[PDB]
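Each value in this text was obtained by applying a stated rule to the coordinates, not by laboratory testing. In this analysis, Cβ positions are derived from the backbone assuming ideal geometry, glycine residues included, and neighbour counts consider all displayed protein chains.
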Amino acid sequence: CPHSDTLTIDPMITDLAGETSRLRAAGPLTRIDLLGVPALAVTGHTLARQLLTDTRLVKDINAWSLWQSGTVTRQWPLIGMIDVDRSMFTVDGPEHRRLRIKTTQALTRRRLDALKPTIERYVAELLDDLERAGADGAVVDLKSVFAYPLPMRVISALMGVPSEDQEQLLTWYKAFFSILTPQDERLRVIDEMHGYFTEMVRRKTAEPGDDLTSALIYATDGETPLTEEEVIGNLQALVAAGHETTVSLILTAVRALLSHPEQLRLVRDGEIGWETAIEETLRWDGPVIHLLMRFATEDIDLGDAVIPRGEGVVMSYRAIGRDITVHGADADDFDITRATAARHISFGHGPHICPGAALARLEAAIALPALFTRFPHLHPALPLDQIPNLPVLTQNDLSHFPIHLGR
Ligand code: HEM
Ligand SMILES: C[C@]12CCC(=O)C=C1CC[C@@H]1[C@@H]2CC[C@]2(C)C(=O)CC[C@@H]12
Ligand SMILES: [K+]
Ligand SMILES: [Mg+2]
């Protein structure tokens, strides 16, 4: 269809592959349209690396000229992705580290050793649900039975979300992410999520436990305490991210491996590490499509192009993972043996780099082999290429994943 010099991101995710190719080819910096709102998108690996460390690009929505003019408001269906409370997510500079430190420390690989048994238990529980559900050769939704609930259980255990509240959170998130949710109802869901997590912080304040939320509340020894807004802001970021991204990584890793059986075999037979298959999945078909937004505090000259003060900059991570300069001409193929499998930046780069990356990697490294060892003849009951995305513009969110447990 006709040549346009603004690339409209289709909210129905009708053509993710085409849109992702279009972006790579239009880049590495190009003009996009997000439901009527213009922004720049970084689609190049090298330029993203550089801009993710540029101190003239900030998260603070008040640096967005469109926000300042009141051209964008809370009616924008994408607004909840950025206009959120003070947290590691919305801060830049020297104040940023303070908002990250207790979380990074809690999520180092060895601190995570103690969470391992827990993850194991939940993976086993849900494989048991799979077995029950796939009985008598029935078709089973791998997402709803397995991949969807696992990461919620895990992040909930970490942060101290009661078992009985986890369902309602999922109901809220589904509403939150879907473009289809009416905007007034989305804003109501956002207020309701905020109210929940506020009360959770109060509950942990009265009665702290061995959880990260309690550690955010009562920090080291001397330190300058986080404010209520900050504790709540981090909590929300950790849960939302911790759940939504991980569900995708599991589903795409499976889809990838089932659609490339020789590669599944490589890892089953211990010739390639499940971890490496995980990295390649992040590079190729990762959890984040577009990362909303950064803003220029002043004009940013890049050579033959300029990001004007006030402009919105999006990191188009999926397009970045398909960078042919970095990954070679076969960048669009899934190949776990490629030499650049782990050179991606799908968790980001610079100060805002994903703090939960070790946890994400561990959830997958446990879930995937457990899944395939338990159900070695697991296979799709629907062509993998026919698994549609949910209308979720920023996230690689698969709708459902019909399988059979197999022989
Ligand atoms: C499973 C795959 C995951 C991917 C691909 C992913 C990716 C990302 C990306 C791209 C960012 C922001 C990059 C940017 O600022 O431009 C980010 C930030 C974040 N992620 Fe993740 N993430 C994952 C899992 C998790 C998990 C498991 C948690 C928490 C347990 C988590 C918590 C966060 C938080 C709190 C931030 C905000 C950090 C900041 O702005 O300072 N993520 N992640
Ligand atoms: C915007 C958001 C939800 C609403 C909220 O209150 C707090 C956050 C912060 C983390 C965001 C998350 C939505 C999805 C994001 C973009 C990811 O895929 C990784 C980080 C994560
Ligand atoms: K707000
Ligand atoms: Mg043109």
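Among the residues of the range 187-197, the ones that are away from ligand 2 (no atom under 11 Å from the Cβ) and touching a residue at least 40 places away in the same chain (Cβ under 8 Å) come to 1 in all.
Answer yes or no: is there a residue in the range 140-155 that is more than 12 Å from ligand 1 (Cβ to nearest atom), aliphatic (A, V, I, L, M), in contact (Cβ under 8 Å) with a residue 60 or more places away in the chain and over 24 Å from residue 200 (Cβ atoms). Taking every residue of the range 140-155 in turn, at least one turns out to be more than 12 Å from ligand 1 (Cβ to nearest atom), aliphatic (A, V, I, L, M), in contact (Cβ under 8 Å) with a residue 60 or more places away in the chain and over 24 Å from residue 200 (Cβ atoms).
Conditions tested, residue by residue: (1) in contact with a helix residue (DSSP H, G or I) (Cβ under 9 Å, 6 or more places away or on another chain); (2) more than 28 Å from residue 19 (Cα to Cα); (3) away from ligand 4 (no atom under 16 Å from the Cβ); (4) hydroxyl-bearing (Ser, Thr, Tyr).
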residue: 204; (1), (2), (3), (4): yes, yes, yes, no
residue: 208; (1), (2), (3), (4): yes, yes, yes, no
residue: 212; (1), (2), (3), (4): yes, yes, yes, no
residue: 229; (1), (2), (3), (4): no, yes, yes, no
residue: 238; (1), (2), (3), (4): yes, yes, yes, no
residue: 245; (1), (2), (3), (4): yes, no, yes, yes
residue: 253; (1), (2), (3), (4): yes, no, yes, no
residue: 257; (1), (2), (3), (4): yes, no, yes, no
residue: 285; (1), (2), (3), (4): yes, no, yes, no
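For beta carbons closer than 9 Å, sequence separation of 6+ or different chains, a first residue in the range 75-87 that is closer than 16 Å to residue 352 by Cβ and a second that is assigned to a loop (DSSP other than H, G, I, E, B) and away from ligand 1 (no atom under 13 Å from the Cβ), the qualifying pairs are 81/393; 82/64; 86/227. Against the numbered list (1) more than 25 Å from the chain's Cα centre (by Cα); (2) surrounded by 15 or more Cβ atoms within 10 Å (Cβ to Cβ), residue 403 comes up short only at (1). Within the range 10-36, being within 16 Å of residue 307 (Cβ to Cβ) and in a strand (DSSP E or B) holds for 29, 30, 31, 32. Might you let me know whether the range 172-195 holds any residue that is of a type in the set (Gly, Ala, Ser), surrounded by fewer than 16 Cβ atoms within 10 Å (Cβ to Cβ), farther than 17 Å from residue 242 by Cα and within 16 Å of ligand 3 (Cβ to nearest atom)? For the range 172-195, residues of a type in the set (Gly, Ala, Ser), surrounded by fewer than 16 Cβ atoms within 10 Å (Cβ to Cβ), farther than 17 Å from residue 242 by Cα and within 16 Å of ligand 3 (Cβ to nearest atom): present. For the range 1-42, a residue qualifies if it is more than 16 Å from residue 394 (Cβ to Cβ) and among the aliphatic types (A, V, I, L, M), and the qualifying residues are 17, 25, 26, 29.
Any residue at all in the range 365-379 that's within 17 Å of residue 141 (Cα to Cα), among the aromatic types (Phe, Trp, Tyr), touching a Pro at 6+ places or on another chain (Cβ under 9 Å) and in a loop (DSSP other than H, G, I, E, B)? Taking every residue of the range 365-379 in turn, none turns out to be within 17 Å of residue 141 (Cα to Cα), among the aromatic types (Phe, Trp, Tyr), touching a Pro at 6+ places or on another chain (Cβ under 9 Å) and in a loop (DSSP other than H, G, I, E, B).
Residue-wise test of (1) among the β-branched types (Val, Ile, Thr); (2) under 20 Å from residue 286 (Cα atoms).
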residue: 7; (1), (2): no, no
residue: 44; (1), (2): no, yes
residue: 48; (1), (2): no, yes
residue: 54; (1), (2): no, no
residue: 61; (1), (2): yes, no
residue: 68; (1), (2): no, no
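If you check 240, 305, which single one turns out to be within 12 Å of ligand 1 (Cβ to nearest atom), touching a residue at least 60 places away in the same chain (Cβ under 8 Å) and surrounded by fewer than 23 Cβ atoms within 10 Å (Cβ to Cβ)? Only one candidate qualifies: 240. From the list 235, 216, 249, the one residue that fits, being closer than 22 Å to residue 352 by Cβ, buried (at least 17 other Cβ atoms within 10 Å of the Cβ) and either within 16 Å of ligand 3 (Cβ to nearest atom) or aromatic (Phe, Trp, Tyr) (or both), is 235.
Scanning the range 334-368 for residues that are more than 23 Å from residue 104 (Cα to Cα) and in contact (Cβ under 8 Å) with a residue 12 or more places away in the chain yields 334, 335, 336, 337, 338, 340, 341, 368. Checking 294, 265, 255 one by one, the residue that is crowded, with 20+ Cβ neighbours inside 10 Å, more than 16 Å from ligand 3 (Cβ to nearest atom), basic (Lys, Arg) and closer than 28 Å to residue 382 by Cα is 255 and no other. The set of residues in the range 71-89 that are within 16 Å of the chain's Cα centre (by Cα) and away from ligand 3 (no atom under 11 Å from the Cβ) comprises 78, 81, 88, 89. Among residues that are hydroxyl-bearing (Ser, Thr, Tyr) and within 16 Å of ligand 2 (Cβ to nearest atom), residue 65 is not included.
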